[PDB]
Amino acid sequence: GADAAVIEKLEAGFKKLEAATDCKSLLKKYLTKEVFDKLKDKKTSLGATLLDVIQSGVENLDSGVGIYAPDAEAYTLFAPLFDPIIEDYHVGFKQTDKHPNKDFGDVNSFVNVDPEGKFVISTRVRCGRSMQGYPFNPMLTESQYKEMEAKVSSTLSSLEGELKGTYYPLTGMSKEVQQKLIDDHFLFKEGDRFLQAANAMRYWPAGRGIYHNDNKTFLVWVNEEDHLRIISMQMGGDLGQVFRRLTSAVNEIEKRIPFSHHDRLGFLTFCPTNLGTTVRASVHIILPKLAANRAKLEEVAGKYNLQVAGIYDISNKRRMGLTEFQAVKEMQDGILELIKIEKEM
Numbered sequence: 001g002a003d004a005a006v007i008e009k010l011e012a013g014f015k016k017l018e019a020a021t022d023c024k025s026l027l028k029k030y031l032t033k034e035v036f037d038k039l040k041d042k043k044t045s046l047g048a049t050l051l052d053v054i055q056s057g058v059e060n061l062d063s064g065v066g067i068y069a070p071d072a073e074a075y076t077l078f079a080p081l082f083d084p085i086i087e088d089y090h091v092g093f094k095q096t097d098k099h100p101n102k103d104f105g106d107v108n109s110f111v112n113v114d115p116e117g118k119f120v121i122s123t124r125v126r127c128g129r130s131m132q133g134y135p136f137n138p139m140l141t142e143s144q145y146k147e148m149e150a151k152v153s154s155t156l157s158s159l160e161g162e163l164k165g166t167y168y169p170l171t172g173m174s175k176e177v178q179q180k181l182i183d184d185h186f187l188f189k190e191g192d193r194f195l196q197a198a199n200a201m202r203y204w205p206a207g208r209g210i211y212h213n214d215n216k217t218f219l220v221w222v223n224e225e226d227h228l229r230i231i232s233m234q235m236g237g238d239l240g241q242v243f244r245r246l247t248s249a250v251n252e253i254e255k256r257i258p259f260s261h262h263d264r265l266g267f268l269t270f271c272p273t274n275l276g277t278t279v280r281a282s283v284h285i286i287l288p289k290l291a292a293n294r295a296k297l298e299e300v301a302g303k304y305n306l307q308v309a321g322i323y324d325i326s327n328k329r330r331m332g333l334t335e336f337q338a339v340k341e342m343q344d345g346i347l348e349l350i351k352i353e354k355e356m
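Take the sequence shown: its letters are residues 1 to 309, 321 to 356, numbered as in PDB author numbering.
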């Protein structure tokens with residue numbers, strides 16, 4: 001299916017990976033000559049080639065992963081590459097596993113992990129969604145970016161009550177508005193070299209926008225990396241409040257905007273690191289004792305399936332092979348334990 005010129009670029013890219021002897025990407029690890037040869041000329045029905053999958057990891061050798069999905073079909077056609085990378089990245093999500101269908105569980109059971117506000121500055125839960133019927137960044141037309149944005153804007157502008165707010169398209173945005181959004185940490189910028197090389201930012205900023213509610217506890221990014229990135233946040237540690245709000249918002253949006261979903265992989269996303277639940281529950285937290293020795297903070301976080309990114324963003328590491336409820340509960344329980352460790356000792 002792939003054009004001769006594409007195959008030529010793929011052969012060059014393969015040569016670069018195999019040689020890049022110090023490259024540690026999952027792309028280099030799993031793009032063996034056998035896998036490469038069997039996939040290099042293949043193309044999805046919409047026109048996505050292996051180059052639309054691997055180009056970013058070829059261009060950025062320092063990528064951790066190095067592949068993106070150009071359309072949903074790519075996860076199937078290029079499964080011999082996606083599947084082992086997904087297995088390797090999403091530790092615990094086994095070959096024979098299917099990611100569970102959506103289950104937010106009892107969103108009344110989550111607690112405030114730091115009622116006194118001694119450690120946790122803020123709590124956030126983010127998820128991502130792709131809109132049913134639309135391909136992912138690389139395969140989107142300018143017209144699709146715009147149509148998608150109009151749908152999303154209409155839907156979000158319809159939100160009432162606590163979720164009521166304002167939509168801001170990036171196109172034509174004034175400097176004064178940019179600064180106001182920056183001051184609230186609500187603005188996103190044009191993608192970095194990883195996204196650029198994935199052809200994820202074509203037509204920027206057409207079809208990109210930001211929504212937030214009046215209370216500044218709910219934020220949506222439209223066409224930043226995924227079609228939708230939906231975030232609930234507030235100061236302090238009340239993970240229950242944060243998660244309750246997120247789930248209400250996602251369930252309401254879904255009524256007008258159905259989502260792309262896969263029986264095995266869960267919610268489909270542009271980057272395979274965001275599959276499954278897509279959920280990133282995090283605290284911005286200060287743990288000065290446990291830090292001090294970065295190595296040690298890492299070990300303890302890892303033990304509780306947390307990821308660390321003197322203020323740390325500490326989140327659930329697991330995305331696939333557990334429910335949303337379970338992913339948020341892993342963050343909650345892990346943060347409760349880190350706080351205990353910090354206090355003691």
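Even for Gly, the Cβ is constructed at its ideal location relative to N, Cα and C.
Best match in the options for proximity to residue i [C-alpha to C-alpha]
i      : options                        : result
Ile86  : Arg329, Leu297, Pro272         : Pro272
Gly128 : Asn327, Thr277, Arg202, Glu355 : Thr277
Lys340 : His212, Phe243, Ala249         : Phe243
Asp263 : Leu10, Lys42, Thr96, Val35     : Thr96
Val58  : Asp344, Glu335, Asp83, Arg193  : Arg193
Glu224 : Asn199, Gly240, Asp83          : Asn199
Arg245 : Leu46, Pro100, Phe110          : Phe110
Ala309 : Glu335, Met331, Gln337, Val283 : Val283
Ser63  : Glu355, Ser157, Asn137, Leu17  : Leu17
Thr141 : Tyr167, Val107, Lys102, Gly207 : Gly207
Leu159 : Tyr211, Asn274, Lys175         : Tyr211
Cβ-Cβ separation, residue j to residue i (assumed contact under 8 Å), whole Å
i           : j      : result
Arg329      : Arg126 : Actually they do not touch by this definition, with Cβ atoms about 14 Å apart.
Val152      : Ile257 : 7 Å
residue 312 : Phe270 : A gap in the chain, from 309 straight to 321, means residue 312 has no coordinates in the model shown.
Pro205      : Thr171 : 5 Å
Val65       : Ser25  : 7 Å
Per-residue burial, residue i [other beta carbons within 10 Å of its own, 16 or more giving buried]
i      : result
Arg294 : exposed
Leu219 : buried
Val222 : buried
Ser232 : buried
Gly165 : buried
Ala150 : exposed
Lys40  : buried
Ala79  : exposed
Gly240 : buried
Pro115 : exposed
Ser56  : buried
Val91  : exposed
Beta-carbon contacts of residue i that lie in its chain and below 6 Å, excluding the five residues immediately before and after
i      : result
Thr49  : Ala2, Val6, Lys43
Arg229 : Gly128, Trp221
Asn327 : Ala281, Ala338, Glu341, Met342
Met139 : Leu46, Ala48, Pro70, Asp71
Chain-order list of residues whose beta-carbon lies under 7 Å from that of residue i (same chain, five-residue window excluded)
i      : result
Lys216 : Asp184
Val300 : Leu290, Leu349, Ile352
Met201 : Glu190, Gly191, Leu195
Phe104 : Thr247, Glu335, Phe336
Alpha carbon of residue i to alpha carbon of residue j, nearest angstrom
i      : j      : result
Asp226 : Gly236 : 28 Å
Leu287 : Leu333 : 27 Å
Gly209 : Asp71  : 21 Å
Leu81  : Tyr30  : 6 Å
8 Å CB neighbourhood of residue i in its chain, flanking five on each side removed
i      : result
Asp344 : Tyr304
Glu298 : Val308
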